[PDB]
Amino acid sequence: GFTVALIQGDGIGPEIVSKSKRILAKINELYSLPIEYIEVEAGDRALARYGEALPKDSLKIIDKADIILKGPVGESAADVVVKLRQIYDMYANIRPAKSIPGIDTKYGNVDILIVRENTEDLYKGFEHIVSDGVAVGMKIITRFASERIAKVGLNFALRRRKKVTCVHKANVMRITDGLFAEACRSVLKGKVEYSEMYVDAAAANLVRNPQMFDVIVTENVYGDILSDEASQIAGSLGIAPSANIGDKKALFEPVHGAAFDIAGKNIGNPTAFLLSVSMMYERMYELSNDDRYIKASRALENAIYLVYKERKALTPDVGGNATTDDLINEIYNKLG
């Protein structure tokens, strides 16, 4: 039994999540999943009703929860996601980039998984103005975090095509990246097909032939950049799912923001959200080993690819003229 904290959020969050509960229920039924969805408030509407973005009562329900399933948050996204990440130590940021039929009309065979270290590097904020016009920032990279991220890489590789590529820039940064690349090797080498690529080359190679990649393990920054590039190649950044996995707690969300310009027009695309749910199921299979959840993930992911291939009910963002309701219905019919 898993307990999932459901967050609607702002903008098109409420429309996307609330209308997706139909699919979330059809799957608990069809595959007999013991998932409890207890929803809580967080974001810009919670800051207006109460005084905090992450209300006291909400934090207490998330703490007793296994997984956090959220839609997009507004202006307060930084106080909700970041603070929630460092207290439940959700170090691994997973970013899949898979070709979607119809949207990728250039390659068609992209299947990348980017494992990105999300705790150190330059994104921890240790910077100062040391003198007039002079700013110094500290890049901190440890072998502890470097091995933990690698282990996650190994787990995803082992159930995919057994191929990992450690991406870095150790030719210039001998010490920092050199340490990251060494810890990469201690874990991966000899257990999977291993190779190393320089960050600039990988940025060029993603364009030339992204099918050469399976799993990519890289650092916080390099990963921030390569992820977005990869998603856009696979088709669209507005369709991209995201996850932040820790040892005892995980978080699944879409990459796209709250999108206030289209909020309420009933045309927001629920695809990113729904693919993050597919990952969430996959995470319930690593924690339970009960293949009951893996079946639900494949079923939801193939339902999505089928609607995109037919082109009969897509939202405006991807060239359709159907609503969010029509798209969800098409996925609900091909579910079983």
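All residue numbers are counted from 1 along the displayed sequence.
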Comparing 187-195 with 75-83, which stretch shows the greater average C-alpha B-factor in the deposited entry?
75-83
As the entry reports it, the stretch among 235-243 and 102-110 with higher mean C-alpha B factor is 102-110
Would you check the entry's CA temperature factor for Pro270 and let me know if it's in the chain's lowest, middle or highest third?
lowest
For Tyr88, the third of its chain by CA B-factor is the highest
Chain thirds of CA B-factor: placement of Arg161
middle
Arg174 - which third its CA temperature factor falls in, relative to the rest of the chain:
middle
Classify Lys151 as lowest, middle or highest third according to the C-alpha B-factor given in the PDB entry, relative to its own chain.
middle
